[PDB]
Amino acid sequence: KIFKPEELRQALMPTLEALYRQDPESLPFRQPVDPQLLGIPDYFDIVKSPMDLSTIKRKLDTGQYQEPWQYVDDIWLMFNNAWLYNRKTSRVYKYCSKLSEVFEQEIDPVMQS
């Protein structure tokens, strides 16, 4: 349909901002994963399409999403990368689970509209 940049931005950005608000859970997600600084050199072998909150924010504000399903895809790619890469015992995996709950709570309403 006719989804305007400002439309999507106004519709979707609260869902994004709602993730950031989650603390500490959003912290491993706010910036692209840095394999070198973090000392986990296999990361880019496991995760072939990285994604994080900050990259998604850019895409919204640069109107790079045509449709809300594209936004929702990146959010799930982001969570899925974390679940894939991190072990189920790890804190960042556990944070991924929690954060995903919050996203689902926020986006189901918005996606009806």
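Numbers follow the displayed sequence, beginning with 1.
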Q. Out of 81-89 and 53-61, which stretch has the higher average CA B-factor listed in the record?
A. 53-61
Q: Take the C-alpha B-factors listed in the entry for 20-28 and for 5-13, compute each mean, and give the stretch with the larger one.
A: 5-13
Q.
By the recorded C-alpha temperature factor, relative to the other modelled residues in its chain, which third is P35 in?
A. middle
(Q) Which third, lowest, middle or highest, does the C-alpha temperature factor of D42 belong to within its own chain? (A) middle
Q. Should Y71 be placed in the lowest, middle or highest third of its chain by the C-alpha B factor in the entry?
A. middle
